[PDB]
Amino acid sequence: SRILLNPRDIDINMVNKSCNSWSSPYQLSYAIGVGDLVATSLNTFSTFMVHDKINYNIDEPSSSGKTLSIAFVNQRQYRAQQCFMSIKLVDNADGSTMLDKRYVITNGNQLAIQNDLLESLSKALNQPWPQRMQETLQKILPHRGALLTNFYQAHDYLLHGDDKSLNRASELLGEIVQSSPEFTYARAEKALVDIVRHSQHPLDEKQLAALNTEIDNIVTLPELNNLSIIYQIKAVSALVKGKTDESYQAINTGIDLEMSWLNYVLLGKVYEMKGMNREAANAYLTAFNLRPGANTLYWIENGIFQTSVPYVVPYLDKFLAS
């Protein structure tokens, strides 16, 4: 009844949520963004498997050989002291600490910390980052620290997935794009947020129209060539139009480019449209393994169109009840 630890399976955990008192955004959403970026980079570009558990409150038995912890700590030298972001990588087999970082976040060093994190993991894991990974990040990242904070706040609304969160994501990203129009990826994230909003409330129109200009623009920017996010947009657009084969093709390319909780949800969605519930539930369960918790659960149940977990994903319905 021993469970064998798998040294190439990694959990990512978060603790001390809210240095002091309620949230408290800013630092939390930055850390959530970073952890999602580590997870997706590793799932996509290495033979490591990562469960991003940042949004998961539950301690369950895992065969994960390694655990990456993110914790906001204070030394305790005074009242309302400044936090540091403690990040540790532990080997659960041999007990050792593989990496132990203490980051002070400053309003300019957000990109630098994240880069340091990814270099450090590369070394601790003997995992070189591939050219495609390095070229994808130069395409998706802003250059100024504070734009990354802002981006990750909008991104965290996206993760949440509810109407109000998405409306907030959209408006934040419109701001970001206004202050830095070169930041193409922000436009792409805004376009994804906007198609998703519309997908769920398909009888609405702003000055019309609108969303179509945005989406028409975005799929033509040569800069966004060969990014998953453009395939996510194409998938959603084709599903809304009931062009299921085109949606299928699009999301499968997206998955080739990025192994993410969201791509597997979108694939589940397309499978339901194909009348293939068992393939759908399998995709949703893959999504849940990648990022377990209320955000992903929320997206399975609500994203694009509504989905009954009890009827369509019985394995997950039963798992969550147990």
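Counting begins at 1, following the sequence as shown.
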item	value
Greater mean Cα temperature factor according to the PDB record, 111-119 or 97-105	97-105
Mean Cα B-factor comparison, 285-293 or 62-70, giving the higher one as deposited	62-70
Out of 135, 205, 194, 91, highest CA B-factor residue	205
Candidate residues 152, 78, 231, 248, the one whose C-alpha B factor the record puts highest	78
CA B-factor ranking of residue 299, expressed as a third of its chain	lowest
CA B-factor ranking of residue 252, expressed as a third of its chain	lowest
Where the record places residue 27 (Cα B-factor, split into thirds across the chain)	highest
B-factor third for the C-alpha atom of residue 10 within its chain	lowest
Where the record places residue 312 (Cα B-factor, split into thirds across the chain)	middle
